[PDB]
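We've got the same protein chain twice here, in two forms, each standing alone as structure tokens: structure 1 and structure 2.
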Structure 1
């Protein structure tokens, strides 16, 4: 919430309260939440307590009340449109994933080089693909200010600048390259090679 460590769990808590809600479970204790998340229960309680007093003593937490509270925190009572740039290996994995079946996000358009064979067409799921040179045109009346960036590493900086210039305010980047961009622009990195190589480091200790 305030604390970065807690803010990184919010999405994990929301999923769990949703899963309980689907499974017909109406109450959950912080021990049950801790165990489904693989963390300690004291962190769940300290996490929730930044948002006020959400449980009751001796009972636990009302699953629906918490599912809905977290949806509000996560802005999941409104729809967020995202774009994806770079329709290549990971690009396409994401494009075909129905984010919107579980949360109120969706990739509503994608971009690639103007010469890509997918430009001018749609995804099997109806997501239109356009040339990167037209980004300014399509960004009008999309409500998009968030980009998924899945272009080659050597092009990440150059394409990040195009996105920012064109109005993008937040980037999830799969390139392992620190983007130099103004500090108001939020950048979250996913680094798959580093994740795999770090797994191997832990296995060898």
Structure 2
């Protein structure tokens, strides 16, 4: 029963509640949460109504309890292994990123063109790089159902389609291209132009 726009804030509330927990805060008000997130307290309260919590009275939401609620809903106690497709400027950078404090989110497999110089190599942390033509062979017995897509924009749709045929069910795409994929496939876009336009909008509201 959580609305989709509220669900897109789960992971942000999780981050903030872990911080508040680490800071020894027992009860967090809607205004403190809003301020941390850069939204309005009214949106916070409505959102939290879907998490079982009223926010109109009392001293705040129970930090430990909610933190644990977010952890459970985001499946933060189990591991998700993802593949990275396109090991160029941004893809190579992402191989260096620590996605999770407890390694519950990891890149476990990467792909590039069969002829790319990285193909055949393995990272310091044991992520092999394969050719894209081998993807179906590698995904046969695999636990990976999630891909990060960092190919050139001109190639994103074609590679996305390859991924879905291979069994990928969700894609975190960095290309600024709308992907047309089947309805049961989730695509999450990282759009840094849209992030900067947001930022600038808020900067202009402060002036």
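Residue numbers count along the first chain shown, from 1. In this text, the rigid core denotes the largest set of C-alpha atoms whose superposition between the two forms falls within 1.5 Å.
Comparing between structure 1 and structure 2 on the rigid core: C-alpha of residue 102 shifted by 2 Å or more? Shift of 2 Å or more: yes.
Spell out whether the Cα of residue 55 moves at least 2 Å between structure 1 and structure 2 when the two forms are superposed on their rigid core. Yes, residue 55 moves 2 Å or more.
In Å, how far apart are the CA positions of residue 77 between structure 1 and structure 2 with the rigid core superposed? A shift of 1.9 Å.
Look at the Cα of residue 124 between structure 1 and structure 2 with the rigid core superposed and state its shift in Å. Its C-alpha position differs by 3.6 Å.
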